[PDB]
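Novice: sequence unavailable; structure follows:
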Ligand SMILES: [Zn+2]
Ligand SMILES: [Zn+2]
């Protein structure tokens, strides 16, 4: 999960400069729901674990709502 990296490509957290993943609707420190305004970078490229869970989550969530 979003443990932390030197060159993050997600969104920055105001409550703390942790910067979580772009596809992570919630900081792993403050738990502040990602701002809908924020967008995900096309060149994101989620890790093997990130995509493994993301691709599946959206397959059950996105497929429903979106
Ligand atoms: Zn936050
Ligand atoms: Zn935070």
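Specialist: Looks like it arrived, so ask away. Numbers count the residues shown, from 1 in each chain. Ligands and ions are numbered 1, 2, ... in the order given.
Novice: contacts only, for residue 2.
Specialist: Counting by CB atoms under 8 Å, 6 or more residues apart in numbering, residue 2 makes contact with 10, 20-21, 24, 28. All C-beta atoms are positioned from the backbone trio N, CA, C, and that covers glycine.
Novice: dump those residues to TSV, plus distance to residue 47.
Specialist: As requested, the contacts of residue 2 are exported to TSV (distance: CB to CB, whole Å):
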residue	distance to residue 47
10	12
20	13
21	9
24	12
28	14
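Novice: close to ligand 2: what parts of this structure are there?
Specialist: Within the chain, the positions near ligand 2 by CB under 5 Å from the ion are 13, 15-16, 18, 27, 29-30.
Novice: mind giving me the ChimeraX select for these, buried ones only?
Specialist: Buried members of the residues of the chain next to ligand 2, defined by 16 or more other CB atoms under 10 Å, are picked up in ChimeraX with:
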select :13,18,27
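Novice: which among the residues of the chain next to ligand 2 gets closest to residue 37?
Specialist: Residue 37 lies nearest to residue 13 out of these, by CB to CB, at 14.3 Å.
Novice: helix/strand/coil for the closest residue to that closest one other than its chain neighbours?
Specialist: The shortest distance from residue 13 to any non-neighbouring residue, by CB to CB, 6 or more residues apart in numbering, is to residue 27 (4.2 Å). Assigned by DSSP: H, G, I helix; E, B strand; the rest coil, the conformation of residue 27 is coil.
Novice: from ligand 1, how far out is residue 27?
Specialist: 3 Å (CB to the ion, to the nearest Å).
Novice: before we move on, what about residue 48?
Specialist: Applying CB to the ion to residue 48 and ligand 1 gives a distance of 25 Å.
Novice: about what we covered before: ok, of the contacts of residue 2, which come out buried?
Specialist: Using 16+ other CB under 10 Å, the buried ones in the contacts of residue 2 are 10, 20-21, 24.
Novice: residue 23 contacts residue 47, doesn't it?
Specialist: No: applying CB atoms under 8 Å, one finds residue 23 not in contact with residue 47, separated by 10.7 Å.
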